[PDB]
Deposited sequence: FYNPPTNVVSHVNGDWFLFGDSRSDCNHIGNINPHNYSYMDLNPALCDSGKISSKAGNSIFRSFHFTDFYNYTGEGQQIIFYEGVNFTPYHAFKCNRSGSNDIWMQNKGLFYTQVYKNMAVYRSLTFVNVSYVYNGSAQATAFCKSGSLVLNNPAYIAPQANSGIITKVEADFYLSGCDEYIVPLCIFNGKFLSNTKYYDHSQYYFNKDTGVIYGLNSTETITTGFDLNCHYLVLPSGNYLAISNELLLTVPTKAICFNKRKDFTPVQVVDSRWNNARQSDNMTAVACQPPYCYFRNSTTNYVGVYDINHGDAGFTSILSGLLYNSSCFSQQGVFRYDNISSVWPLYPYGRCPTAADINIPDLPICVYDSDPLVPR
């Protein structure tokens, strides 16, 4: 009896968690009353030095908006428990005429690149992208909804019939940058070292509004050039920074959603696929004790696997022991049991 269990865990001590208030030990200082029941993470892991988490935030939210947290962490086995802090609930769009679906599509495309690459790099952090433009027209902040203000990519208008800007990716093995457009102007990023050109022409669509479509390029270091044919130019101000190549190690991603009253999405589930990712989810509504949206038994149970080492990680779940079981593990990592007759 060694069943596949619905938890995130680790083979050894070499792991790292990226999360939000539900695993942010520092949030307790900002709330009254002061206790840890808002967390799904067990408080014994607070001192572990293996968690980079921030209340109200997500990796995607930090990537695109001024509400920035510098998520930073290193490990062989990466675990994610965030994403909810940019959801349909927030109803983000650039204008009144925008579309939240475009932004849900972006969320899904972004996290796909995060997960794929964190299966091959130990280290994730942010860097500020140095960009230079001689057409000093400032940035406008041309995309706002409530307290969410877009600052990556930056907008540049022309001031002192074609606009360009230089940017520089440095210090990391590989970087994610956003390349975006509103769905008649084109947008190119050009690597001057390699000669590779990435671009986006604008084209209409039938079932959406009018908002910023982003693609997330996984780029090398180099001296780049952002170019545009018409008036507006978009350029990266932030990048996910990948370091320290490792043997392929699937990441673990926990479903980050609200209580059913608020509207959530399944874009991290879409992004999380085999062989690079295992998706864990409770079989219940998120019903928190601190408030309705924080401190749930189902998700506390999933995260409880971080309190011990486990042998084998599979699509069905985690097997603690490496010898025998009654189910064949799919897409395994670690020392895995057989389910043959012996």
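*Asks:* Which parts of the deposited sequence lack C-alpha coordinates in this model? Number from residue 1, please.
*Replies:* In sequence order, the gaps with no modelled C-alpha are 1, 162 to 166, 190 to 199, 359 to 376.
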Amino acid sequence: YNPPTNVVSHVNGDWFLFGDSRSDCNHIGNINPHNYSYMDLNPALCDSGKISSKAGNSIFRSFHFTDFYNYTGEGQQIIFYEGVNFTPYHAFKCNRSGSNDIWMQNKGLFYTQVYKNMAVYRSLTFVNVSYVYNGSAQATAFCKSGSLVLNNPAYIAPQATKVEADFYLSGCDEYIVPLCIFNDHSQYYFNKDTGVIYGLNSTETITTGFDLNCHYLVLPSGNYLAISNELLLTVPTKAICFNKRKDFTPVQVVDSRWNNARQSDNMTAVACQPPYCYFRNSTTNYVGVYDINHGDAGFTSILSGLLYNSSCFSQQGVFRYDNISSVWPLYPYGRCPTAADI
From here on, numbers count along this sequence of modelled residues.
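*Asks:* Can you let me know which of the two, 207 to 215 or 110 to 118, has the higher average C-alpha B-factor in the entry?
*Replies:* Looking at the recorded C-alpha B-factors, 207 to 215 comes out higher on average.
*Asks:* Quick one: higher average CA temperature factor, 27 to 35 or 277 to 285?
*Replies:* Mean CA B-factor is higher for 27 to 35.
*Asks:* When the CA B-factors of 250, 98, 236, 83 are compared as recorded in the entry, which is the largest?
*Replies:* Answer, based on the entry's C-alpha B-factors: 98.
*Asks:* Have a look at 78, 272, 124, 156 and flag the one whose Cα has the highest B-factor in the entry.
*Replies:* Highest C-alpha B-factor among the listed residues goes to 156.
*Asks:* Going by the recorded CA B-factors, say which third of the chain residue 255 sits in, lowest, middle or highest.
*Replies:* For residue 255, whose C-alpha B-factor we compare with every modelled residue in the chain, the answer is the lowest third.
*Asks:* Against its chain's modelled residues, does residue 327's Cα B factor rank lowest, middle or highest third?
*Replies:* It belongs to the highest third of the chain when residues are ordered by C-alpha B-factor.
*Asks:* Divide the modelled residues of the chain into thirds by Cα B-factor and specify which third, lowest, middle or highest, holds residue 266.
*Replies:* Within its chain, residue 266 is a middle-third residue by C-alpha B-factor, going by the deposited values.
*Asks:* Mind checking which third residue 102 falls in for C-alpha B-factor across the chain?
*Replies:* It belongs to the middle third of the chain when residues are ordered by C-alpha B-factor.
*Asks:* In terms of the chain's CA B-factor thirds, is residue 71 lowest, middle or highest?
*Replies:* Its C-alpha B-factor belongs to the lowest third of this chain's values.
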